[PDB]
Amino acid sequence: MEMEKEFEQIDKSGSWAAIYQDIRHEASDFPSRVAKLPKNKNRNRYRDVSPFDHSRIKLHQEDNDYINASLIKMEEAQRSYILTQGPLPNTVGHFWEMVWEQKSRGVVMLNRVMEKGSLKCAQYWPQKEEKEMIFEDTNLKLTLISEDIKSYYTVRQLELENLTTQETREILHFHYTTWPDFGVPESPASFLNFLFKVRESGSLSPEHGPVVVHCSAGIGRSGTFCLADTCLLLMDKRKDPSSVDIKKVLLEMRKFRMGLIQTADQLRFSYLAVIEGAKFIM
Ligand SMILES: N#Cc1ccc(Cn2cccn2)cc1
């Protein structure tokens, strides 16, 4: 079926939970043996969220190459994304090592450091120009260059230096700051505006490594971001945009990382975002 009318048909029939459970039943199951080794217990935020072995990002280190991060490679859309968990106190150095080694231009953050009165990820970037951060385990230095605070999101320019080679790079930090503590946003308008700002920066383009995107677990909000981007790109590329099937795209992405889209409310919100976004594109 088309999307917008499939949408009204699920709303009128109140079957979002049943649609979402079908997706969960059909989703791929692949091994995640490296993630479950005992030496990696403090590298995982949640015991039930792990990268598959076949698509995990490897650090270029011979001691321990493990990080909770996956490469999502979308062949028809010609887009790649790295989805990862919010960094932990003992993985902030690994996180920036990955950004460096994978040649990423942008980092997309979809959570606040504290939500619901608890810490959802480490404070992994510097907050003042004159107070830079040094990650001694991976030999990197990170400096805040500039910051632009808007009503729904903040963009920061960062300088990452490889202290071993003295090479430097500019990284863009796109921080969506207004996703609610409970539920999903009422309108997709600010989320779509944010996605277009990431796109306009070049961070999603083939002349760079894959964008790094995260929330707390790296599957819920993060899944919504890449599902909406990929669906809109396919609607631009194909002769028949109404052939784009959001459930099929989601199942394809779940071949590369488990659990993408965590609730039926996130699924409905993803439909809403693609539907509204397709009107603005033209
Ligand atoms: N000055 C400067 C500078 C250098 C590099 C980058 C990003 N990049 C990753 C791999 C090659 N380039 C961004 C700014």
Side-chain angles (χ1 to χ4, degrees), residues 51 55-75 77-87 91-110 121-150 153-177 193-215 218 222 225-226 229-230 233 256-257:
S55 53
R56 73 184 181 95
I57 301 294
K58 300 178 186 184
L59 309 171
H60 300 176
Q61 222 261 94
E62 39 194 32
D63 170 51
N64 190 341
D65 71 4
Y66 177 72
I67 180 170
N68 195 314
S70 309
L71 182 63
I72 297 10
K73 190 171 184 195
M74 302 303 289
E75 186 171 28
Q78 286 293 288
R79 279 267 223 259
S80 293
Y81 320 82
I82 292 169
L83 269 62
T84 190
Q85 69 188 10
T91 68
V92 174
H94 306 148
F95 178 91
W96 285 113
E97 174 186 4
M98 176 175 67
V99 169
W100 182 269
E101 289 166 356
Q102 303 298 314
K103 302 179 158 56
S104 307
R105 179 84 191 293
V107 174
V108 176
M109 174 169 183
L110 303 170
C121 92
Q123 183 60 55
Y124 66 86
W125 73 95
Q127 293 177 283
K128 295 179 182 303
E129 288 87 337
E130 67 276 14
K131 295 278 204 191
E132 76 272 16
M133 292 176 76
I134 295 174
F135 305 103
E136 296 185 342
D137 59 336
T138 55
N139 215 34
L140 292 159
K141 177 176 106 172
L142 184 66
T143 305
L144 177 69
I145 298 304
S146 75
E147 180 166 64
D148 189 356
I149 301 173
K150 306 275 224 301
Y153 69 98
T154 298
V155 189
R156 309 181 176 90
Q157 297 184 306
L158 307 172
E159 183 204 64
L160 186 62
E161 181 179 345
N162 177 347
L163 292 174
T164 300
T165 68
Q166 292 193 328
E167 309 170 283
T168 63
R169 280 175 212 161
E170 180 185 331
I171 309 298
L172 303 180
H173 195 243
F174 285 96
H175 185 180
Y176 190 81
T177 54
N193 188 61
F194 176 76
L195 167 63
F196 298 156
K197 297 295 186 186
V198 178
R199 277 185 176 195
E200 288 178 6
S201 78
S203 291
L204 291 164
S205 300
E207 64 248 25
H208 302 291
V211 70
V212 172
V213 357
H214 79 87
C215 45
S222 292
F225 184 87
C226 61
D229 183 54
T230 285
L233 211 50
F256 301 92
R257 186 168 177 83

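In what follows, residues are counted from 1 in the order of the sequence shown. Remember, it's 1-based here, ligands and their atoms both numbered in the order they're listed.
- Counting non-hydrogen atoms of other residues, nucleotides and ligands closer than 6.0 Å to CD of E136 gives a total of 12 or fewer.
- Among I82, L83, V211, the one residue that satisfies the side chain to side chain contact (heavy atoms under 4.5 Å, CB included) test with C226 is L83.
- Ring orientation note: the planes of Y124 and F95 are tilted relative to one another, at an angle of 30° to 60°.
- For atom 10 (C) of ligand 1, the closest non-hydrogen atom on the protein side is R169 NE, 3.4 Å.
- Taking atom 4 (C) of ligand 1 as the reference point, the nearest protein heavy-atom neighbour is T168 O, 3.5 Å.
- In this structure, atom 8 (N) of ligand 1 is in close contact with the protein, since a protein heavy atom lies within 4.0 Å of it.
- The protein atom (non-hydrogen) at minimum distance from atom 13 (C) of ligand 1 is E170 N, 3.3 Å.
- Interatomic distance, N162 CG to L140 CG, rounded to the nearest 0.5 Å: 6.0 Å.
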